[PDB]
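Before any comments, here is the structure.
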Amino acid sequence: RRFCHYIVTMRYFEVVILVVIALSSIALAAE
Ligand SMILES: CC(C)CCC[C@@H](C)[C@H]1CC[C@H]2[C@@H]3CC=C4C[C@@H](OC(=O)CCC(=O)O)CC[C@]4(C)[C@H]3CC[C@]12C
């Protein structure tokens, strides 16, 4: 499964992680 895990890190994964980081930061600021 590890090769699939490696390919997951390429499927525009960094942009999705960046977006979720930004949105969760905004959620932190919205409390
Ligand atoms: C470049 C980076 C470092 C700056 C990114 C900006 C955001 C981190 C900040 C800027 C202004 C902030 C907003 C300022 C005030 C509010 C109102 C706040 O409360 C409400 O929705 C009011 C309604 C209610 O009181 O029921 C929700 C979060 C929000 C949009 C904040 C969310 C976080 C924001 C977008």
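A note on labels: chains of the structure tokens are A, B, ... as shown, every chain counts residues from 1, and ligands are counted from 1 in their shown order.
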
- prompt: Hey, which residues come within 9 Å of ligand 1 if we count only C-alpha atoms and all ligand atoms? Could you give them as a PyMOL selection string?
  reply: chain A and resi 22+25-31

- prompt: Quick one: DSSP alpha helix (DSSP H) residues in chain A, as a PyMOL selection string?
  reply: chain A and resi 2-8+13-29

Those selected residues, please, written with C-alpha atoms and delivered as a short mmCIF file (atom, residue, chain, number, x, y, z; two decimals), in the first residue's frame.
data_model
loop_
_atom_site.label_atom_id
_atom_site.label_comp_id
_atom_site.auth_asym_id
_atom_site.auth_seq_id
_atom_site.Cartn_x
_atom_site.Cartn_y
_atom_site.Cartn_z
CA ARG A 2 3.01 2.24 0.56
CA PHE A 3 3.39 2.96 -3.16
CA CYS A 4 -0.24 4.11 -3.20
CA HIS A 5 0.56 6.28 -0.17
CA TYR A 6 3.45 7.79 -2.14
CA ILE A 7 1.21 8.47 -5.14
CA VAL A 8 -1.36 10.09 -2.82
CA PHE A 13 -2.15 16.75 -2.12
CA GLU A 14 0.00 19.69 -1.03
CA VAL A 15 -2.51 22.22 -2.37
CA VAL A 16 -5.36 20.47 -0.55
CA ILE A 17 -3.34 20.40 2.68
CA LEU A 18 -2.52 24.09 2.27
CA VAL A 19 -6.19 24.92 1.69
CA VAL A 20 -7.32 22.95 4.73
CA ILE A 21 -4.59 24.61 6.83
CA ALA A 22 -5.75 28.07 5.74
CA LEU A 23 -9.43 27.28 6.29
CA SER A 24 -8.77 25.82 9.72
CA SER A 25 -6.72 28.89 10.64
CA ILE A 26 -9.69 31.06 9.65
CA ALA A 27 -11.86 28.78 11.79
CA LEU A 28 -9.49 29.36 14.72
CA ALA A 29 -9.79 33.12 14.19
#
